[PDB]
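Take a look at this single chain, the form deposited in one PDB entry, given in structure tokens.
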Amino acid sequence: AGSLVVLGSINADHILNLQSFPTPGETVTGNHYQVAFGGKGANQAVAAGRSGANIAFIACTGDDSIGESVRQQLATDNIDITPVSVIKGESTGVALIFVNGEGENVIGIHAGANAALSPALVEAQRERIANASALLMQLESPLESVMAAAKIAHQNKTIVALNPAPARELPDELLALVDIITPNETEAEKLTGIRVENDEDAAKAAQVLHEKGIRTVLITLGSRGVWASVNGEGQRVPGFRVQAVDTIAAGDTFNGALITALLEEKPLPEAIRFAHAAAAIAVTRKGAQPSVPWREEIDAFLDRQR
């Protein structure tokens, strides 16, 4: 397989399980409480490393205690943490997360040291990005750095995979550099203006994105799987039917495992099925980063799928 570079956030997730999300001005008594490592960057780097990728992660942590402990944890997930920088005088990004009784979540993040991953730190990784087969990024890192890295990858024929989360509009300059884009329905709408509630709307939104220069458009549809579209031709690839207990990190798992399968030269439909299997396991498990499956578990799940 070729080599993967993930560039993105690292957060300290503070997660409280409760029955129902609190409404304005209300206090709700929750149950289980956990502090764990997270961040869309780190979650996708862990999904790639645990599923078998050859992956290195460009990220910034603070030098608070959790910042000084997270690189050691990530190295054990088969991630080359050489390009994870520790920013002195700053604290690691934070997420405050509520998970309801049905397994849905709401997340509020604070950038912290993730905001120090700058164009200059990207430029210091130019050779690493140029030599990689693929670059996977999200939108929890400064837009300027995402753009700087997409440009380096574009110049060197490094595949640019962008999971455009959390949702925001992006400049056409950045969208023209992306090879693979993986919005959920909300993100697809934010990027194109087309609400996606069915496969017909998914093809409409996909076409706008293809019109921006993006060849492979994968619009994730929750329990309905994904609308896969390559330069206009699209199809729905259903996910696996499982009993969801906590949907957090589903998307992150899908992305990291998706790129691992593509870098092993599995064709797109098969890579999507591999990623659907990894994400299906993840939604049957509690927590975000801890819920990401290992390669042997993903294969065992696929092997049982007849």
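Residues carry their position along the shown sequence, with the first being 1. Between two forms, the rigid core is the largest collection of C-alphas that superpose within 1.5 Å. Only residues modelled in both forms are compared.
If you average the C-alpha B-factors over 114 to 122 and over 199 to 207, the higher value belongs to 199 to 207. Averaged over Cα atoms, the B-factor as recorded in the entry is higher for 243 to 251 than for the other of 243 to 251 and 50 to 58. The entry lists C-alpha B-factors for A134, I194, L143, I109, and the highest of these is at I194. Listed residues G222, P83, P183, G93 were ranked by CA B-factor as deposited; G222 comes out on top. Among all modelled residues in this chain, the alpha-carbon of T23 has a temperature factor (C-alpha) in the highest third. For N43, the recorded CA B-factor ranks within the lowest third of the chain. Only modelled residues enter the ranking. Compared with the other modelled residues of the chain, the Cα B-factor recorded for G256 ranks in the lowest third. Among the modelled residues of the chain, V237 sits in the highest third by CA temperature factor in this PDB entry. Per the deposited record, the Cα B-factor of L162 falls in the lowest third when ranked against the other modelled residues of its chain.
Form deposited in another entry: not shown, discussed below.
Aligning the rigid core between this form and the one not shown and inspecting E173, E144, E102, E123, the C-alpha positions shift by 2 Å or more at one residue, which is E102.
With a cut-off of 2 Å and the rigid core superposed, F21 has a Cα displacement that reaches or exceeds the cut-off between this form and the one not shown. The two forms, fitted on the rigid core, differ between this form and the one not shown by 2 Å or more at the CA of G30. Once the core is fitted, the segments that move between this form and the one not shown, counting only runs of three or more residues with each CA displaced by at least 2 angstroms, are 17 to 31, 98 to 108.
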